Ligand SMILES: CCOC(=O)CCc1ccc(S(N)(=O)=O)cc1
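The chain below stands alone and is given in structure tokens; this is the form solved without this ligand.
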């Protein structure tokens, strides 16, 4: 599967019928229809920089993975009653610098999107197992607005020089992803899914109200990564964002 048109979002259902599921992500957040839940608690992230482990080119994107054998780095609060263990952060972007986020707000597509994913360590034993359960995953989505360069992205950008092609991995340590999050962590939340195959509807989304910046040349760097394996002709990672899916009667709750 991919993002091109032969194997892209509009073709995924042919292989993953859940693509047409009732809790698909991303979604358009219509700020006027959001429900303020007074039961929501502020989200509390507590990550240990020593759990940062590797950066890897997965072809369609790059992942920054973390050690997930303990509760050193967790997400708590929000709509949760238990702790979610951090396992990874990655991004989404588009072919253009101004339209590449997954989630949209009031129909407005942002330049890129940051996803911080965690799995339900309390109810399940492994990411593998939790990945398909309704309460399995918790993902923080942060909208990125093209503008001023974001200096907090530099270690990630620098690391990309070592994983130019698919399957390349490089150690990526001592990084606390909470440094990528906005100032305020007011959020929107809804039950949804993974935004690409397997498309499991196992995610509890936390979309930060506040966006963060990125510059044009910072995004050009992501698109400079290669989807091919070393040695083959160059095939740029031009985009990896999935179009918004019907809400299908879900409610987006707000922290405020």
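Residue numbers count along the first chain shown, from 1.
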Of 185-193 and 227-235, the one with larger mean CA B-factor: 227-235
Which of 139-147 and 111-119 has higher mean CA B factor, as the PDB entry lists it: 139-147
88, 165, 81, 178, ranked by C-alpha B-factor: the highest one: 81
Candidate residues 105, 128, 153, 159, the one whose C-alpha B factor the record puts highest: 128
CA B-factor ranking of residue 42, expressed as a third of its chain: highest
Relative C-alpha B-factor of residue 124, binned into the chain's lowest, middle or highest third: highest
Ranked against its chain, the third holding the CA B-factor of residue 34: highest
Chain thirds of CA B-factor: placement of residue 169: highest
Relative C-alpha B-factor of residue 133, binned into the chain's lowest, middle or highest third: highest
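Not pictured, yet referred to below: the form solved in complex with this ligand.
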Open or blocked: site for this ligand, pose in the deposited bound form superimposed, 2.4 Å backbone/C-beta cut-off, 3-atom minimum: open
This ligand contact in the deposited bound form: residue 80, any heavy atom under 4.5 Å: no
Residue contact check: residue 115 to this ligand in the deposited bound form, 4.5 Å heavy atom: yes
Exercise: residue 187 in contact with this ligand in the deposited bound form, heavy atom 4.5 Å: no
Interface membership of residue 204, this ligand in the deposited bound form, 4.5 Å heavy atom rule: no
Among 192-200, 30-38, 44-52, 212-220, the region lying within 4.5 Å of this ligand in the deposited bound form by heavy atom distance: 192-200
Heavy atom distance at most 4.5 Å to this ligand in the deposited bound form, all of 88, 127 and 139: yes
